[PDB]
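Reminder, nothing fancy here: chain letters follow the sequence lines and each chain counts from 1. FYI, side chains are in, hydrogens and waters are out, and symmetry mates aren't considered; it's all heavy atoms of this structure.
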2 protein chains.
Amino acid sequence: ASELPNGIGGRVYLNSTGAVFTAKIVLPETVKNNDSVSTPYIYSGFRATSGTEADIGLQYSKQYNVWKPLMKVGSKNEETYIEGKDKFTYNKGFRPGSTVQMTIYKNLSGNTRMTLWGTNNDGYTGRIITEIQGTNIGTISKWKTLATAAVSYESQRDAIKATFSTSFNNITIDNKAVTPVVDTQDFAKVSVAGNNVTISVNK
Amino acid sequence: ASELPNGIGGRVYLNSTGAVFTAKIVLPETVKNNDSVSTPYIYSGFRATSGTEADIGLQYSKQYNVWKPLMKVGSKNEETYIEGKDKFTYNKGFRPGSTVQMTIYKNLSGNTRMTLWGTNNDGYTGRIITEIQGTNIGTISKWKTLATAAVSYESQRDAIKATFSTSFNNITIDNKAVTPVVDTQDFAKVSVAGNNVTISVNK
């Protein structure tokens, strides 16, 4: 598609039906987001064969200049922090320009889990484990990867101002390397090189 | 419900299945929205018996300190301006503290229309007619009225900072006065007095 439905950005699809996704995310060094409507998001996720859509990754906090966990699975968006709440949420999060190791489990005892390893704004290197409980995800159609500047409503599209670039590297699903396929490029440049993708958002 | 799904605010329901809604909206004199996540929205709308949900009203522009049209009917969110684009959109809109006369037509030749009469930030008094074309709305279950501070993602709820109060007065559906029923009050105080409702958002 020419446009992303809830804002601007780049999207790739990962043609795998696997259960465990891993990638190394290189966070932007700088974020320009001189608007009063959008939020930068960087995330993976999947479409279940049932139709359930999951967005799982990080959101940029303008207030704290860090990246924090982002997770939504269908209608369920209440996150449970299993570990690391005090190190990577509230006034803390993954620091700009750092690398974050991400693992996504579509279904671990009926819960969708995202584990993130990296460094926070205080220089602490550790882990934050987040879940959406009781999602009970069955088979998967495909996985996705996006970098976006999202808005609550459509008309707000023209007002979006966002400039940031990110990489998803060494993408593996069920321990197999997966090469993403370029999808939408809406005020974004998407570059794929094997199981690696760089998405540069610029509006 | 104790919480609104996409943010904070107050909600009332209008137990009418009628086709044409009218109300006089008194816009807030002041808007405090000292956050980097939410947008203030004031709107009416309906739930069709098909399940289709419509949100039809105004959004606050922090950039220009005005209220502008906001309309969405199910999956259709591309607004067509029939009249008044140059007077009440982009760097112009309904001025703070002013009164706006609103008429909503669920189905006018297959289109959902909102007509707004009021005064813009340049002191021009006029009309803006906006439509979502090809909605072809059939029977209605009920209408609604809300004043909210909405966010794109759930975790941003706690960070919302919004203080603004608005009134929907002389509410009529198919020329009959309708008394709203208080629903959710989530960091908002809702007061109903006959076919009039005041919603004071404060977080």
message: Let's test your reading of the structure: which of A:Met71, A:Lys72, A:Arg157 forms the most heavy-atom pairs below 4.5 Å with chain B?
response: A:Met71
task: Assess whether atom CG of B:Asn175 is packed by more than 12 heavy atoms of other residues, nucleotides or ligands within 6.0 Å.
output: no
field: Flag if over 12 foreign heavy atoms under 6.0 Å of CG, B:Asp158
entry: no
- request: Just give me the residue among B:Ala150, B:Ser36, B:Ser61 that pairs up with chain A most often, heavy atom to heavy atom, under 4.5 Å.
  value: B:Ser36
field: Contacting moiety of A:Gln63, where chain B heavy atoms sit under 4.5 Å
entry: both
field: Atom pair OH (A:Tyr153) and CG (B:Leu70), whose distance is rounded to the nearest 0.5 Å
entry: 5.0 Å
task: Give a yes or no on whether A:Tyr41 atom OH has more than 12 heavy-atom contacts from other residues, nucleotides or ligands under 6.0 Å away.
output: yes
task: State, yes or no, whether a side-chain contact exists between B:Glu78 and A:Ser155 at a heavy-atom distance under 4.5 Å.
output: no
message: Take a 6.0 Å sphere around NZ of B:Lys62 and say whether it holds more than 12 heavy atoms from other residues, nucleotides or ligands.
response: yes
message: Under 3.5 Å, is there a donor on one side chain and an acceptor on the other for B:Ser152 and A:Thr39?
response: no
message: Under 4.5 Å from any heavy atom of chain A, what part of B:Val151 do you find: side chain, backbone, both or neither?
response: backbone
Side-chain heavy atoms of A:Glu154 within contact of B:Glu79, under 4.5 Å: no
message: How about OH on A:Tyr90, more than 12 heavy atoms from neighbouring residues, nucleotides or ligands closer than 6.0 Å, or not?
response: no
